[PDB]
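Read the structure below first, then the notes.
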Amino acid sequence: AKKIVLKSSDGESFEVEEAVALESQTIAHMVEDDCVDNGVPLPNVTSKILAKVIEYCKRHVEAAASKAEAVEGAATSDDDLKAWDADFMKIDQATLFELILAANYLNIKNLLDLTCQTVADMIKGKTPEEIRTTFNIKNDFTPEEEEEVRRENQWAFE
Amino acid sequence: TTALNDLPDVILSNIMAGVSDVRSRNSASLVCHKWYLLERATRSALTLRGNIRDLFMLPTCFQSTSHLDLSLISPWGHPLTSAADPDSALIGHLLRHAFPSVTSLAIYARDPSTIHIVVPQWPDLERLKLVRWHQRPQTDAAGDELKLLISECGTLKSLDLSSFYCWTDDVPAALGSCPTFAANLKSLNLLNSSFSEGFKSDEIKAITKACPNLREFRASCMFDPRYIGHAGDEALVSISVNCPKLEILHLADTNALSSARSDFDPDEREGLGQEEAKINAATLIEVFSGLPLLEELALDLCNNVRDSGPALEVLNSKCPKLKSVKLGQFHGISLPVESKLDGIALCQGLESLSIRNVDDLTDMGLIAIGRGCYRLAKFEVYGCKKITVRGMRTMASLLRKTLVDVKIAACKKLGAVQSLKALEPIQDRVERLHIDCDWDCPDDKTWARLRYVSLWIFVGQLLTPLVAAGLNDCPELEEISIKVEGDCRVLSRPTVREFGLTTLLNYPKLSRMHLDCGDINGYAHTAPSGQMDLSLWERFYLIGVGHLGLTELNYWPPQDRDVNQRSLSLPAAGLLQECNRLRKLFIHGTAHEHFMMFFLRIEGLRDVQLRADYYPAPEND
């Protein structure tokens with residue numbers, strides 16, 4: 001089978017299958033030139049982030065293919081992918097943001113969507129002060145502006 | 001380390017788009033100016049909250065919302081715009097200024113002038129939902145206001161009249177008035193329970209002929225062969241022929257859409273039903289052969305269709321994309337011989353299956369369905385006399401890898417204890433559940449994923465045995481819906497003081513409740529000796545609701561049919577006033593204005609509304 005190597009920003013090299021690397025639209029794009037065989041360089045991805053990225057991609061392509069196969073009562077991975085996605089996203093905030101940035105770089109739509117939804121779920125059920133504390137955001141709203149925004153928000157059924 | 005705010009604006013918009021809960025959106029809009037702009041440019045759905053008299057103070061910040069819901073504006077059901085009012089047209093202009101990007105609209109259509117003034121404000125509108133529970137205004141001809149709407153809503157792709165009261169003669173006349181409007185329709189929802197009689201065969205034929213490009217068709221029809229013009233064999237053939245591109249076909253008898261189980265259950269009806277509908281298996285084969293793109297099928301009839309197994313076998317081959325099936329009073333669903341699968345058991349692509357009133361269904365048939373439909377995630381069975389906890393448990397074990405939403409209702413041999421025992425294999429996996437609170441049926445343990453429980457109970461019965469029935473440890477149970485039905489004009493006064501809502505204190509995460517007592521029939525004020533009036537029944541059912549830490553409550557007061565009132569009483573309002581934790585409270589009925597002033601005493605109560613969403617809605621407002 002065709003295999004490709006990816007070079008992280010810190011010089012590390014990861015050897016992986018071509019098909020799983022095809023998930024990243026950016027990598028698929030640089031495939032067009034000679035760097036497909038000379039080694040695709042990723043100046044904006046670190047070793048740990050790249051390892052997490054190709055782990056997620058490998059699991060998705062595998063279970064994908066796995067589901068491309070099987071005969072009856074065997075797609076139970078669908079939940080597993082989920083359950084595995086849920087336990088995979090149990091990472092610290094900094095690694096989460098780096099994973100988001102790497103997904104935006106490599107243009108892996110599924111991973112980017114999953115990480116953004118993880119952030120959105122982290123948002124749910126928190127007051128503005130709680131959100132500011134969790135994400136370290138400074139409040140630039142004057143009290144009059146806060147009351148105006150609240151008055152606007154009173155026009156929406158909750 | 002990188003913080004969230006240093007992320008690119010595209011990523012921030014993607015993150016904000018994932019916040020679907022409106023409260024969290026309101027919270028996030030207050031974090032900072034950048035977050036305010038992101039939330040306002042990202043919000044897509046808005047249900048307008050406020051008073052009609054305050055429409056001039058309408059906010060202009062929601063410029064990106066594509067779905068607008070104007071049906072819940074206060075006072076509920078009031079004409080949003082009246083032609084008699086001189087500055088009515090300005091109101092429409094205001095709306096177009098506040099929400100210029102609306103493509104989906106839901107409005108209350110009490111007055112035709114409201115439609116004529118509001119709907120044409122968005123020429124790019126593609127989905128429309130009309131709501132009306134009040135009486136249909138008198139018109140010279142059928143479909144006059146619908147014809148007006150068609151005139152001002154040319155580019156509409158979806159029309160939703162499932163909560164819009166009108167005569168069934170209105171729809172075909174309006175559709176045939178303008179062929180180009182009907183040709184552009186992709187979805188047509190006419191599944192209205194409030195229709196006195198469903199669409200006739202000729203009306204169905206005209207509707208389907210007018211709209212050839214429908215992907216979704218839902219309608220409440222007249223399938224009872226007693227009446228003249230009942231929908232039958234030719235209506236189904238015409239539906240199949242005229243709309244080959246249907247992806248969803250939901251045809252139901254009007255009585256089947258009623259909330260009261262006495263209206264569709266053949267046992268509860270006093271000899272009604274029990275006869276064959278004018279539907280044959282061969283014609284069902286013909287219809288299913290003509291709908292290759294079908295993905296959802298629902299045929300909920302109030303009359304019997306027997307030996308339908310061969311017809312359902314054709315569904316597996318001729319409808320590869322079929323994932324959901326809902327059948328009502330279809331017989332011969334699964335009649336396995338030796339080990340061969342047949343009928344609905346052949347449909348291996350089913351993800352949801354609803355079964356109602358199948359006399360032939362035994363334990364062997366249920367196990368055959370479980371074997372053949374190995375992909376079932378939702379299963380619903382109603383009124384099957386011959387099925388037993390053995391067969392239901394075997395089916396649950398066979399489907400333990402996918403089954404997450406189970407409903408067992410009106411099963412003679414399956415009570416509350418029986419149902420909870422039968423759901424043992426999926427006890428740790430089931431997420432949504434419905435059981436009937438039948439306590440007199442003659443016969444580790446943690447519900448880890450159970451998030452929603454639906455209960456049906458007869459009037460005068462207690463809720464206390466529920467924990468003894470098997471629903472002991474439900475850590476994740478957040479929402480419970482209780483429906484009470486029965487005629488208490490013949491019931492004696494109960495010997496116990498309270499219904500037993502305090503039993504729900506056994507579940508720590510319970511925060512949302514639906515208490516639907518609207519199908520209780522009793523005496524408003526003049527209960528004879530040995531009986532109690534509706535206020536006393538409201539006390540009996542609502543005692544202890546204050547001790548529950550509920551944040552949302554939907555309550556349906558019991559109704560007196562003779563006086564035609566669904567009123568919230570003094571004792572019931574006093575009991576509801578004890579709920580200090582309520583965030584949202586919706587009463588489906590009428591109440592005195594002092595009663596509504598009572599509830600504003602609650603500090604955290606944000607959304608309060610009296611919603612008479614039943615037919616006919618009171619005109620006293």
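Going by the structure tokens order, chains are called A, B, ..., each with residues numbered from 1, while ligands are numbered from 1 in the order shown.
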**OP:** Taking the chain letters and numbering used in this document, name the residues of stretch 298-379 of chain B that DSSP puts in strand (DSSP E or B), as a list in words.
**Re:** residues 298, 299, 300, 301, 302, 303, 304, 305, 324, 325, 326, 327, 328, 329, 330, 352, 353, 354, 355, 356, 378 and 379 of chain B
Okay, now the selection with C-alpha atoms, as an mmCIF file, in the first residue's frame?
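result-v7.cif, freshly written:
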```
data_model
loop_
_atom_site.group_PDB
_atom_site.id
_atom_site.type_symbol
_atom_site.label_atom_id
_atom_site.label_comp_id
_atom_site.auth_asym_id
_atom_site.auth_seq_id
_atom_site.Cartn_x
_atom_site.Cartn_y
_atom_site.Cartn_z
ATOM 1 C CA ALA B 298 -46.753 6.455 8.548
ATOM 2 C CA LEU B 299 -50.225 4.972 7.994
ATOM 3 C CA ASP B 300 -52.101 5.362 11.291
ATOM 4 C CA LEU B 301 -55.662 4.272 10.533
ATOM 5 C CA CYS B 302 -58.620 3.857 12.869
ATOM 6 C CA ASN B 303 -59.945 0.940 10.784
ATOM 7 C CA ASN B 304 -58.425 -2.494 10.299
ATOM 8 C CA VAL B 305 -56.141 -3.575 7.463
ATOM 9 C CA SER B 324 -38.982 4.654 9.702
ATOM 10 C CA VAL B 325 -42.360 2.896 9.679
ATOM 11 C CA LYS B 326 -45.429 3.788 11.757
ATOM 12 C CA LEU B 327 -48.467 1.519 11.420
ATOM 13 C CA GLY B 328 -51.896 1.857 12.990
ATOM 14 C CA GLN B 329 -54.382 -1.033 13.090
ATOM 15 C CA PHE B 330 -52.417 -2.989 10.480
ATOM 16 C CA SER B 352 -37.761 3.365 13.981
ATOM 17 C CA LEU B 353 -40.912 1.254 14.191
ATOM 18 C CA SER B 354 -44.269 2.153 15.746
ATOM 19 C CA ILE B 355 -46.886 -0.591 16.065
ATOM 20 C CA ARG B 356 -50.471 -0.039 17.200
ATOM 21 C CA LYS B 378 -36.738 3.378 18.461
ATOM 22 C CA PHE B 379 -39.538 0.890 19.091
#
```
Closest pair table for chain B residues within 8 Å of chain A, only C-alpha atoms, as CSV:
```
residue,atom,partner,partner_atom,distance
B:1,CA,A:94,CA,6.4
B:2,CA,A:94,CA,6.5
B:3,CA,A:135,CA,6.8
B:4,CA,A:135,CA,6.3
B:5,CA,A:137,CA,7.6
B:7,CA,A:101,CA,7.7
B:11,CA,A:116,CA,7.5
B:14,CA,A:116,CA,6.6
B:15,CA,A:116,CA,4.8
B:16,CA,A:120,CA,6.6
B:18,CA,A:120,CA,5.4
B:19,CA,A:120,CA,5.5
B:21,CA,A:124,CA,7.5
B:22,CA,A:158,CA,5.2
B:23,CA,A:158,CA,5.6
B:24,CA,A:124,CA,5.4
B:26,CA,A:153,CA,6.2
B:27,CA,A:128,CA,5.3
B:28,CA,A:128,CA,6.1
B:29,CA,A:149,CA,7.7
B:30,CA,A:128,CA,6.0
B:31,CA,A:128,CA,5.1
B:32,CA,A:139,CA,5.6
B:33,CA,A:140,CA,6.9
B:46,CA,A:156,CA,6.1
B:47,CA,A:157,CA,5.3
B:48,CA,A:156,CA,5.1
B:49,CA,A:155,CA,4.6
B:50,CA,A:155,CA,5.9
B:58,CA,A:155,CA,7.7
B:59,CA,A:152,CA,5.8
B:61,CA,A:152,CA,7.8
B:374,CA,A:73,CA,6.2
B:375,CA,A:73,CA,7.2
B:401,CA,A:76,CA,6.7
B:402,CA,A:76,CA,7.7
B:607,CA,A:157,CA,7.1
```
For residue A:55, find every residue with an atom within 12 Å (counting only C-alpha atoms), except residues of its own chain fewer than 6 positions away, and show them as a compact mmCIF listing (two decimals) with C-alpha atoms, in the first residue's frame.
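Result written to result.txt:
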```txt
# COMPACT_ATOMS: atom_id res chain seq x y z
CA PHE A 14 5.47 10.30 11.09
CA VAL A 16 1.41 6.65 7.88
CA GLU A 17 -0.92 5.29 5.22
CA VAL A 20 -5.67 8.24 6.08
CA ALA A 21 -3.51 11.23 5.12
CA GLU A 23 -8.46 13.06 5.06
CA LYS A 48 1.93 15.86 19.97
CA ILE A 49 -0.79 17.69 18.04
CA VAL A 61 -10.70 5.82 8.29
CA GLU A 62 -10.44 2.44 9.89
CA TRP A 84 -14.19 7.18 21.58
CA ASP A 85 -14.66 10.74 20.31
CA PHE A 88 -10.67 11.57 23.12
CA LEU A 111 -12.14 17.05 13.59
```
**OP:** Identify, on the basis of only C-alpha atoms, every residue whose closest approach to residue B:419 does not exceed 10 Å; exclude the query and any residue fewer than 2 positions from it along the same chain; express the result as a VMD selection string.
**Re:** chain B and resid 388 to 389 392 to 393 406 to 409 411 413 to 417 421 to 424 433 to 438 469 to 470
Subject >> Contact residues around stretch 362-373 of chain B with only C-alpha atoms at 8 Å, ignoring same-chain residues under 2 positions, as a list in words >> reply: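 Surrounding residues, per the criterion: residues 333, 334, 335, 336, 341, 344, 345, 346, 347, 348, 349, 350, 351, 360, 375, 376, 386, 387, 388, 390, 391, 392, 394, 395, 396, 398 and 399 of chain B.
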Take the selection from the previous step and output its residues with N, CA, C and O atoms, as a short mmCIF file (atom, residue, chain, number, x, y, z; two decimals), in the first residue's frame.
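Produced file selection.cif, reproduced below:
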```
data_model
loop_
_atom_site.label_atom_id
_atom_site.label_comp_id
_atom_site.auth_asym_id
_atom_site.auth_seq_id
_atom_site.Cartn_x
_atom_site.Cartn_y
_atom_site.Cartn_z
N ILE B 333 -48.78 -8.28 10.79
CA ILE B 333 -47.50 -7.59 10.68
C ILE B 333 -46.35 -8.58 10.66
O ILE B 333 -45.42 -8.46 9.86
N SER B 334 -46.40 -9.59 11.53
CA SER B 334 -45.36 -10.60 11.62
C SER B 334 -46.02 -11.91 12.04
O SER B 334 -46.45 -12.06 13.18
N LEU B 335 -46.09 -12.86 11.10
CA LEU B 335 -46.70 -14.17 11.33
C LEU B 335 -45.69 -15.23 10.93
O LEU B 335 -45.85 -15.91 9.91
N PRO B 336 -44.64 -15.42 11.73
CA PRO B 336 -43.56 -16.33 11.33
C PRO B 336 -43.99 -17.78 11.41
O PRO B 336 -44.68 -18.19 12.34
N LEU B 341 -38.65 -15.40 8.20
CA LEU B 341 -39.08 -14.04 8.48
C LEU B 341 -40.04 -13.58 7.39
O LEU B 341 -39.95 -13.99 6.24
N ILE B 344 -43.06 -7.10 8.22
CA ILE B 344 -42.15 -6.03 8.63
C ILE B 344 -40.80 -6.58 9.07
O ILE B 344 -39.82 -5.83 9.11
N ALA B 345 -40.73 -7.87 9.40
CA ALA B 345 -39.45 -8.47 9.77
C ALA B 345 -38.48 -8.50 8.60
O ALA B 345 -37.27 -8.62 8.82
N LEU B 346 -38.97 -8.39 7.36
CA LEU B 346 -38.06 -8.34 6.22
C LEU B 346 -37.36 -7.00 6.09
O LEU B 346 -36.24 -6.95 5.56
N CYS B 347 -37.97 -5.92 6.58
CA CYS B 347 -37.38 -4.60 6.45
C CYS B 347 -36.20 -4.45 7.40
O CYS B 347 -36.38 -4.07 8.56
N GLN B 348 -34.99 -4.74 6.92
CA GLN B 348 -33.80 -4.67 7.74
C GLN B 348 -33.25 -3.26 7.89
O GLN B 348 -32.42 -3.03 8.78
N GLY B 349 -33.68 -2.32 7.06
CA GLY B 349 -33.20 -0.96 7.14
C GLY B 349 -33.94 -0.06 8.10
O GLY B 349 -33.63 1.13 8.19
N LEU B 350 -34.91 -0.60 8.83
CA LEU B 350 -35.71 0.21 9.74
C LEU B 350 -34.87 0.66 10.93
O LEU B 350 -34.18 -0.15 11.56
N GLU B 351 -34.94 1.95 11.24
CA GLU B 351 -34.36 2.49 12.46
C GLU B 351 -35.41 2.85 13.50
O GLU B 351 -35.08 2.93 14.69
N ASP B 360 -52.82 -9.99 15.68
CA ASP B 360 -52.12 -11.23 15.34
C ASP B 360 -50.75 -11.32 15.99
O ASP B 360 -50.15 -12.40 16.00
N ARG B 375 -31.54 -3.17 13.20
CA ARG B 375 -31.05 -1.81 13.25
C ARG B 375 -31.98 -0.87 14.02
O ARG B 375 -31.78 0.34 13.99
N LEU B 376 -32.99 -1.41 14.70
CA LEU B 376 -33.99 -0.57 15.35
C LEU B 376 -33.39 0.19 16.52
O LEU B 376 -32.81 -0.41 17.43
N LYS B 386 -51.75 -9.93 22.96
CA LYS B 386 -51.17 -11.26 23.07
C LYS B 386 -49.69 -11.27 23.39
O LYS B 386 -49.16 -12.34 23.72
N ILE B 387 -49.00 -10.14 23.32
CA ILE B 387 -47.57 -10.12 23.60
C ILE B 387 -47.35 -10.20 25.11
O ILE B 387 -48.19 -9.78 25.91
N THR B 388 -46.20 -10.75 25.49
CA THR B 388 -45.91 -11.12 26.87
C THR B 388 -44.51 -10.64 27.21
O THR B 388 -43.68 -10.40 26.32
N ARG B 390 -42.11 -12.19 28.18
CA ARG B 390 -41.11 -13.08 27.60
C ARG B 390 -40.68 -12.60 26.22
O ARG B 390 -39.48 -12.43 25.95
N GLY B 391 -41.65 -12.37 25.34
CA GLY B 391 -41.32 -11.93 23.99
C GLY B 391 -40.69 -10.55 23.97
O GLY B 391 -39.75 -10.29 23.21
N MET B 392 -41.21 -9.63 24.79
CA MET B 392 -40.65 -8.28 24.84
C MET B 392 -39.21 -8.30 25.35
O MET B 392 -38.35 -7.59 24.84
N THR B 394 -37.11 -10.86 25.13
CA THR B 394 -36.28 -11.45 24.08
C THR B 394 -35.99 -10.43 22.98
O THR B 394 -34.86 -10.35 22.49
N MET B 395 -37.00 -9.65 22.59
CA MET B 395 -36.79 -8.61 21.58
C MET B 395 -35.81 -7.56 22.06
O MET B 395 -34.96 -7.10 21.30
N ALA B 396 -35.92 -7.15 23.33
CA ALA B 396 -34.99 -6.17 23.87
C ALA B 396 -33.57 -6.71 23.91
O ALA B 396 -32.61 -5.98 23.62
N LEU B 398 -32.34 -9.02 21.90
CA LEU B 398 -31.86 -9.08 20.52
C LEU B 398 -31.45 -7.71 19.99
O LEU B 398 -30.58 -7.62 19.12
N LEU B 399 -32.07 -6.65 20.50
CA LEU B 399 -31.79 -5.29 20.06
C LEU B 399 -30.99 -4.49 21.08
O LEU B 399 -31.04 -3.26 21.07
#
```
